[PDB]
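Computation of the quantities below employed the complete heavy-atom set of this structure, encompassing side-chain atoms and omitting hydrogens, waters and symmetry-equivalent molecules. All residue numbers in this chain count up from 1 along the given sequence.
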Amino acid sequence: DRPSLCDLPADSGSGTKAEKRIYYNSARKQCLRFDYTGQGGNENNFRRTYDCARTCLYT
């Protein structure tokens, strides 16, 4: 099975920018794009789709 961070929601955070990041959506079982503000947020936040896939889909 997958680590508990995979269950966290997408969190845009508290910062002043916008950049593309990837999160694992538990309800869809997919790694999807979100808007990250550059600060704050949670560990379900990947710069590379591949890293979300290895962490939350399957090793």
Side-chain angles (χ1 to χ4, degrees), residues 2-59:
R2 74 178 52 82
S4 74
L5 69 94
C6 297
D7 298 331
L8 293 170
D11 188 340
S12 293
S14 53
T16 51
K17 308 182 189 177
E19 67 188 341
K20 182 179 62 57
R21 294 291 184 86
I22 306 300
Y23 78 106
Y24 179 69
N25 181 312
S26 315
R28 292 215 227 173
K29 296 185 150 59
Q30 295 175 332
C31 298
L32 303 172
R33 301 168 301 182
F34 78 109
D35 294 350
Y36 182 52
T37 64
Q39 297 179 338
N42 65 44
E43 286 185 18
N44 188 9
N45 177 341
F46 304 89
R47 286 173 304 148
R48 310 186 192 81
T49 303
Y50 179 79
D51 294 332
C52 176
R54 295 294 70 73
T55 302
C56 298
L57 281 182
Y58 67 95
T59 58

Note, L5 side chain near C56 side chain (heavy atom, < 4.5 Å): yes
Backbone of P3 reached by a side-chain donor or acceptor of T55 within 3.5 Å: no
Residue pair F34 / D11, side-chain heavy-atom distance below 4.5 Å: no
More than 12 heavy atoms from other groups under 6.0 Å of CG on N42: yes
Heavy-atom closest contact (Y23 atom, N44 atom, distance): CB-O, 3.3 Å
Atom CZ of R54: over 12 foreign heavy atoms under 6.0 Å: yes
Greater than 12 external heavy atoms within 6.0 Å of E43's CD: no
Heavy-atom closest contact (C52 atom, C31 atom, distance): SG-SG, 2.6 Å
pair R21-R47: side-chain heavy atoms closer than 4.5 Å: yes
Validation row: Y24, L57 side chains within 4.5 angstrom (heavy atoms): yes
Transitive ILVMFWY side-chain link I22 to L8, under 4.5 Å: yes
Expected output: side-chain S12 to main-chain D35 donor-acceptor under 3.5 Å: yes
Separation of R33 CZ from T49 OG1 (nearest 0.5 Å): 9.0 Å
